[PDB]
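The primary structure of each chain is shown beneath.
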Amino acid sequence: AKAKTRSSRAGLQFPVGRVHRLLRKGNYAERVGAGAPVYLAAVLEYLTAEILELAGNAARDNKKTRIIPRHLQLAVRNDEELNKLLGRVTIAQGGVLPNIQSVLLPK
Amino acid sequence: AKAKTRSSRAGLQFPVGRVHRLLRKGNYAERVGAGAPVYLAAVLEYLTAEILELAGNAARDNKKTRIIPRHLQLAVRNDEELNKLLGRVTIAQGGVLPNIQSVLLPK
Amino acid sequence: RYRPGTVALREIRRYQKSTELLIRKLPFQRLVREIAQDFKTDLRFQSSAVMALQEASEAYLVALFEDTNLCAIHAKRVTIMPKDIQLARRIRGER
Amino acid sequence: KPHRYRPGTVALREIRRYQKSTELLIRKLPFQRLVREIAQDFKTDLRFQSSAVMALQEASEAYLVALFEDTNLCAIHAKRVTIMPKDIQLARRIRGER
Amino acid sequence: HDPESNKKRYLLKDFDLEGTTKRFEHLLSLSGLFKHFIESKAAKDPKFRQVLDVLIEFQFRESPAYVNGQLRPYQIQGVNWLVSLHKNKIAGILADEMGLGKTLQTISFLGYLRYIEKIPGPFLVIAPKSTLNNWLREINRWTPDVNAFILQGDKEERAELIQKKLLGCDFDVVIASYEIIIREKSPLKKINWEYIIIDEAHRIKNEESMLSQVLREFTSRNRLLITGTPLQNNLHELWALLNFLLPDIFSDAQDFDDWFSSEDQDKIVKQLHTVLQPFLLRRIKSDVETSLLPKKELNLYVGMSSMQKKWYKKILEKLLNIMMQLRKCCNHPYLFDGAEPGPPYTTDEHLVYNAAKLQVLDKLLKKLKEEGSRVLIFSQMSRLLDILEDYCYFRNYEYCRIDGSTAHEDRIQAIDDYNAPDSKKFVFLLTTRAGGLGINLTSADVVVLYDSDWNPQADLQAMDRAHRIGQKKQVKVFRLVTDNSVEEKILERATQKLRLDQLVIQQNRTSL
Amino acid sequence: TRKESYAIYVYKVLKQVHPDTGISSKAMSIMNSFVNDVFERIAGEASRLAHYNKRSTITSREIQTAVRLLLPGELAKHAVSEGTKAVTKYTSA
Amino acid sequence: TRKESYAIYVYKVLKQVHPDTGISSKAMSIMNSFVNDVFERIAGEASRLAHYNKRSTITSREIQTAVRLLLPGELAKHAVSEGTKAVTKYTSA
Amino acid sequence: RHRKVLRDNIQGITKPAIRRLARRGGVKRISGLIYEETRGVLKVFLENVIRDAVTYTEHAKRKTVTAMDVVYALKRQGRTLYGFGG
Amino acid sequence: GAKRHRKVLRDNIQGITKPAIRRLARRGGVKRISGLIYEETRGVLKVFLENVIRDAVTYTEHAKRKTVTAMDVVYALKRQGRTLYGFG
DNA sequence: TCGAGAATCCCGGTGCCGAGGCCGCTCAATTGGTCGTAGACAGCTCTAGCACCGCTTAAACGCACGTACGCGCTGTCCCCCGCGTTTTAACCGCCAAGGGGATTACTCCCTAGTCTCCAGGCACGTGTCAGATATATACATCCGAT
DNA sequence: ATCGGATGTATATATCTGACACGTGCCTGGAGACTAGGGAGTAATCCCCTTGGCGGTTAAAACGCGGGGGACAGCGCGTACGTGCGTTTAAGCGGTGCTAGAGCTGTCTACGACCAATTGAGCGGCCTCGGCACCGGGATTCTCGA
Ligand SMILES: [Cl-]
């Protein structure tokens, strides 16, 4: 018949076939279901969309048109849960949040 | 047709057959070498002996025969290497190493 | 009549030499199994499960106070104040 | 007289400058040379990649910045503004690294 | 004269078929084999293949009147060659022997260009930083009625200078150093250059060198290359030189390399000299020799020492990550850490016998000190030069050392005092490729060459530090090498490179 | 040397949340690393979780429990809903 | 049913390193948990090494590297020594 | 269950209990507002651990929380516990 | 001359200059700095680098190579629990 | 406490190089079928968990009394910051030549997995007795006023 | 500076209970063939690394000086802690009772593994032109010494 990819069938943008292959060959279990790659691809896609939306917001507040590691850093650190998820992670060539302790300010 | 266990053939006391079975059925890799169980059994036996000797010495210091979680705790903490290995491990019904800050003591 | 500090040091030496649990048992069991009703109603708890929770939490709290004390001493005091715990948790990475 | 900023206003300017850019603060060659010298303690006849050293510098600079933040928190707790080696020691001790 | 006419002459307000065709016909005037490159390029580039099938005896006898300083006979014809090159819509190389007089010759040519073709600028002269000030001096001297500036200083200094003069259009020639060109490439990229002149063209051998790339992006009609010695290593260096000279004619390295490929060799050479004849001239120091007696060369095929041999074998078999150690081994074992046991550190005689070359060097310096000569050791390791320093201290002779890292004030005072009227400086240590070409060590007459280089040209320049004009008795090369060592390989490769240079260029000046 | 990477899928997602916005290359590599990190964490949790119950397959139940365990609160419930939605659509199609 | 343990082996080692002491049940539970913990940690590191190096099998060299990478210093060298000792003894039998 | 669901059970972690934990931690003199902070941090810690344990026990299609479930939750949060199976 | 040794080189940890520690401390957000911090910082940095490089070397040694890779450093950092994004 | 006054924010002009389309090809998703085996579900059973209840006594609570300790204040040195020379070393561009270190194709053998039987190692369940609690009394020792 | 109390710390003696030896069933680990495919070995091959040295620009880093404000100490004082002592409370414990729901056992069927064919998705190679970095200069804003 006519080929019809599992990503199209699911309505996703992430590769369900590649997720399935990685999941099988990654030494995670003896057998993998059929709904596992679909579920996992959907979850990864949601997380990517969240972080990219925040980063784009930041890049437009900066008045530039491209996401750079600075905007990735600045968007992750400014969201409570997105930053909780990535506590032990350091973004390369990122930065730090502008922050000065109040006690250090002039009288 | 004499049934000579690999555990005795290697000179260890820990089981090598059981270690091999756990390695095969534990989802670590497709294939498992022949000497891998022997090596891992040797390491486990070594670590067990090393911790158990210090525990026994502590138990003798407290003038008792049977060793207990307190003695295991004392061995791990008084030793430095085992304490670094078990840095984030809590031992149930153990205790705390006696230590009082100097400033708190009377003059 | 002993002077302020003496009985506190005696208690310190006593409790660093023992191994038992310092919180009562029924109160902690009640606290656990009424926290747990925020996630699923009508649960049952293995006695070993409640004991594991108690041991883990007491270990956590003792190790917390053990750093609150350094924070207090470093500030040239011997009294632990809520700011010390807040600082300890902040540095430790929780907050 | 040539005017002079009071002590404490160039330091804030530098804080709010460096805490807004993203470049590497340690130089490149000194750090790479240090990495060579430390590594040849474990295995002689070894070579590195430029990307390897770059990653290692990223990690180390991040580690030191995050250490200095908690150092500052300890110093403020001590009712000061100057950070002293006592602060480094306390921060590393509390955080479980020693 | 007119600054605004120059201003509209300089700035660039926006397939040079006519001049290009004139140059192909000029070339095909000689044997058609010289159109091999053009026809290959045409077969690969469609835009010029249609071009091919489209088919003033200004001898300037006398020295230029506009310039003072009556000219020595041999370079009027150089002037003429340059003029003909210009009125032939082609570029060329001048490759004299570093001292026959090149700055004056080019300045005479520029004066002729301005005062007979009525073109007051613009011209660019790019030089190594050492010789910048010189250029200003001779241009102010010979044809004083001209303007220029050194174009150097701090950032704002060059910025103000260009906005005042360069884009201010108040110049005829501007002279700048290589690094300046690579830095101020923006404003100089739009001046519509008449000529681009490069002195000591060695800098452009690797085409991928950033300076070369920046040189291709400049806008000019005709280019002039001034150099001492082309083809240090391979033919590909002349390939790049000719690329820069005539990019249209020379655009395929592979043709050059394959069609030359080192009797088949005699068949190649009989082509080789013909191809390049109308592009570059080479004089001879013996033309108006009048001096420097030829160099007397010698080799002292030294052996090896016991420690030297054990170290050599120790490295042959297996912290150390190159064959270069093997040359280090034959040089002096103390370069490694693991000899000169101790440490108590003595300056005593435990040096000379310990290494091989040291013994013979000691003998030679004895025989020369006891008769009144001075020595110019030219090793190729600064670190090794320090061992010679210590040894010289032991015998208590008099230093004067120019390493790679001696600041220029020290450089000039040292060369002055060593070259001052007779003084007590027996030895003059120095590292081969250091100092540039302005050094005038004409006092000494011994150029012992402790270590050898991968190319002979560096050595020849090293001997040129004492074989230049001046010193008028003789010069004594004393190259040393340890037999049964990799330095035999280095020496043979260098010698065969020198033979190749002989074959390629050193038959041209026989005609020239 | 074919080398796979989640670059085009990240770019497809980007071109629909902010339809006019680029992403240089280092941001893209960071996002590729982030995707790989999260995939490894969820798959490892699911492996452990299936192993604890003596199961041998990995099912959408294991994946759902893994995401519920690893993600914080409001960021977890959205991901759960998205995944269930995708599975239902795929199984109906 | 049918639950396994390491208690027999821990007891066998104890009554050759200290052939007079006993051990309480809680202590035996602790030592069993410790052995399973260390086994899991080493096995996980070895599998990850295999995955990194595209090898498809766990072998004695990977166990050795995992040991050198988990244990601190002196323990690392002692354990490696005894592992190699046991392996050579076994293969020469 | 029908256990008359209760509130304000955190005050069962009483002042002497917090004081004893402090003494074991090595703390001589204690200020008077430290008990509320201790109750807050204990509540947070318990909420995290119990949430993970309930997640495990509900995935297994069970209704009773087991020592294994609690041990797994602690190991997940980085507080590996020895003594209760493993 | 006794000078064919030529330096002690302040060997390498004093290549982390006090302006560099000052820059890192500013980025951390500190106003005044004590004079002895520039030696504690060097000590702690040396410790951290040793711990990372040991594991990176062990990885690249197990892979039977002789060159250390950004991937090896990333694996070592993740092994210590300091995941670094941006290097594959 | 207001007019320097320097630092920063913000406009345009470059320019240049990296993102982002576009195309070919190749190899891993997809389709269709075979088939064996986890897991799904029901039923059973029997264990452990929840629910009270009464009784003891040890821990909690509340209230008092009085120090000593935390915090605010005042000086006072001293050491760190701001700034102006001055030297230095990172950082590009280069030469010269290797070679060795990683990385694909290709072959092949030997070591794992996969089987079939089958007997001892190990776990479960039992019956002990001795190492631990758990009172008691007496001696030693800090600690606190004298 | 010493007595007097209060709190250990020994040392004896009695009672338990839970380590520990012993036997019993069985299931898994071992033995023995066969085999296939993973990985070791060989050899292209090529591209980045090594060692030693040269030249120049240009910011940074080093260094010295004044001097300002902050750290540290000392003093005071007035609460808020610690320590005791009655009084009330509720945890701990032993005991009974019931039942929900872990945990096993059997059958079977849907669903994942595996394979051969087939075909587009995706990757690498490649070309180009806007985004953003940078550079004056102009205006604006916060510091600061009257
Ligand atoms: Cl000249």
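A. Seen up close, the overall build of chain C. Per the secondary structure count, chain C includes four helices and two strands. The C-alpha atoms of chain C give a radius of gyration of 17 Å, which is well past the 12 Å a tight globule of 95 residues would have. In terms of overall dimensions, chain C has a C-alpha envelope of 50 × 35 × 20 Å along the principal axes. Within chain C, contacts between residues separated by at least 24 positions form 44% of all contacts whose residues are at least 6 apart in sequence.

B. Examining the pairing of strand β8 (residues 299-302) of chain E more closely. All names here are of chain E. Alternating residues of β8 divide into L300 and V302, all buried, and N299 and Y301, none buried. By the bridge criterion, four bridges tie β8 to strand β10 (residues 479-482) in an arrangement that is parallel. When the sheet's bridge partners are listed, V302 is paired in β10 with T482.

C. Fine view of the interface of chain B and chain G. The partner chain G presents 55 residues to the 52 residues of chain B that form the contact. Of all the elements in the fold, those that place two or more residues in the side of chain B that touches chain G are α1 (6-9), α2 (17-25), β1 (31-32), α3 (36-61), α4 (69-78) and α5 (81-85) of chain B. Here the side of chain B that touches chain G takes 18 residues from α3(B), the largest share from any one element. Of the residues in the side of chain B that touches chain G, the class split is 32 nonpolar, eight polar and 12 charged.

D. Molecular detail of the packing of aromatic side chains. Considering all chains together, one arrives at 33 aromatic pairs over all chains under this definition. With a centroid separation of 6.1 Å and an interplanar angle of 55°, the aromatic rings of H:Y56 and H:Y72 are classed as tilted. With H:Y56 in helix α2 (residues 34-59) and H:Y72 in helix α3 (residues 67-77), this pair connects stretches of sequence that are 16 residues apart. For the pair H:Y56 and H:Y72, a shared accessibility class is recorded, and that class is buried. Three or more aromatic residues joined by ring pairs form one cluster here, namely E:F37, E:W239, E:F250, E:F256, E:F260 and E:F279. Against the face of E:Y418 rests E:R374, its NZ or CZ located 4.1 Å from the ring centre. One cation-aromatic arrangement involves I:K18 over I:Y38; the distance from NZ or CZ to the ring centre is 5.7 Å.

E. The arrangement of the protein's contact with DNA strand K in detail. Taken together, 92 residues lie around DNA strand K, and C:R1, D:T82, E:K129, E:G435 and G:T1 are the ones closest in. Atoms of DNA strand K within 4 Å of the protein belong to the sugar or the phosphate in 97% of instances, the rest to bases. In this structure, a phosphate oxygen belonging to DNA strand K sits 3.1 Å away from a side-chain N or O atom of C:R30. In the model, a phosphate oxygen of DNA strand K is placed 2.4 Å from a nitrogen or oxygen of the E:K155 side chain. Top element by residues in the surface near DNA strand K is helix α1 (residues 6-17) of chain C. It accounts for four residues. The class makeup of the residues in the surface near DNA strand K is 21 nonpolar, 28 polar and 43 charged.

F. A look at the interface of chain B and chain H. Each partner contributes to the interface: chain B provides eight residues, whereas chain H provides 10 residues. One can count five residue pairs in polar contact joining chain B with chain H. Here strand β2 (residues 90-91) of chain B runs beside strand β3 (residues 81-82) of chain H; their pairing, made up of two bridges, is parallel. Within the sheet, the bridge partner assigned to B:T90 lies in β3(H) and is H:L81.

G. How the structure looks around helix α1 (residues 7-17) of chain F. All buried positions along α1(F) are accounted for by F:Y9, F:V10, F:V13 and F:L14. The buried residues of α1(F) occupy one face: seen down the axis, they fall within an arc of 140°. Its buried side turned inward, α1(F) meets α2 (16-25), α3 (35-61) and β2 (66-67) of chain A together with β1 (22-23) and α2 (26-52) of chain F.

H. Layout of the protein's contact with DNA strand J. Near DNA strand J lie 89 residues; those nearest to it are A:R66, D:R4, E:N455, E:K497 and G:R2. In the interface set of DNA strand J, defined as its atoms within 4 Å of the protein, sugar plus phosphate atoms amount to 97%. At 2.7 Å from a phosphate oxygen of DNA strand J is found a main-chain nitrogen or oxygen belonging to B:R66. E:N455 has a polar side-chain atom sitting 2.2 Å from a phosphate oxygen of DNA strand J. At four residues, helix α1 (residues 9-18) of chain D tops the list of elements feeding residues into the surface near DNA strand J. Considering only residue class, the surface near DNA strand J consists of 22 nonpolar, 26 polar and 41 charged.

I. The nonpolar core, seen in detail. Counting residues in each nonpolar core, the largest one holds 88 residues, and the members touching the most others are E:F171, E:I181, E:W193, E:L215, E:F218 and E:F260. With seven residues, helix α12 (residues 235-245) of chain E is the largest single contributor of residues to this core. In contact with E:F171, other than residues within four places in its own chain, are E:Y10, E:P120, E:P122, E:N147, E:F149, E:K165, E:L166, E:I191 and E:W193. By size, the runner-up hydrophobic cluster in this structure holds 62 residues, among which are B:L23, B:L52, G:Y9 and G:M31.

J. Representation of helix α3 (residues 70-80) of chain I. Buried within α3(I) we find I:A70, I:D72, I:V73, I:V74, I:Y75, I:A76 and I:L77. Contacts from the buried residues of α3(I) go to α3 (50-77) of chain D, α2 (25-52) of chain G together with α2 (37-62), β2 (67-68) and β3 (84-85) of chain I.

K. Layout of the side chain of E:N6. All names here are of chain E. Relative to the helices and strands, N6 resides in helix α1 (residues 3-10). Of the residues examined, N6 reaches a relative accessible area of 10% and is grouped as buried. Not counting residues up to four positions away in its chain, the partners in contact with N6 are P120 and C169.

L. The arrangement of the sheet that holds strand β3 (residues 173-177) of chain E in detail. Residue and element names in this part refer to chain E. Reading across from one edge, β3-β2-β4-β5-β1-β6 is the order of the six strands in this open sheet, with parallel pairing throughout. Strands with a single pairing partner mark the edges of an open sheet, and in this sheet they are β3 and β6 (280-281). Sitting on the sheet, helix α5 (residues 76-86) is in contact with β1 (92-94), β4 (193-198), β5 (220-226) and β6, with an inclination near 165° to β1. Running over the sheet, helix α7 (residues 132-142) touches β2 (123-127) and β3 and is turned about 165° from β3.

Rules and cut-offs
Residues numbered from 1 in each chain as written, not as in the entry; some residues may be left out. Chains lettered and ligands numbered in written order. Heavy atoms only, no water. Residues with missing side-chain atoms left out of burial classes, pairs and counts. Helix = DSSP H or I, 4+ residues; strand = E, 2+ residues; numbered from the N terminus. Rg over C-alpha atoms; globule rule 2.2 N^0.38 Å. Contact = heavy atoms within 4.5 Å. Buried < 20%, exposed > 50% of the residue type's maximum accessible area, 1.4 Å probe, protein only. Pairing = 2+ DSSP bridges. Nonpolar A, V, L, I, M, F, W, Y, C, P; charged D, E, K, R; others polar. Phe/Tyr/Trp six-rings, centres within 6.5 Å; stacked < 30°, edge-to-face > 60°. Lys NZ or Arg CZ within 6 Å of the ring centre and 35° of its normal. Near = heavy atom within 4 Å. Polar contact = N/O pair within 3.5 Å; in protein donor to acceptor, adjacent residues only side chain to side chain. Arc of directions from axis to C-beta. Core = buried A, V, L, I, M, F, W, Y, C linked by side-chain atoms within 4.5 Å. Axes fitted to C-alpha atoms, helices over the stretch in contact; angles between N-to-C directions.

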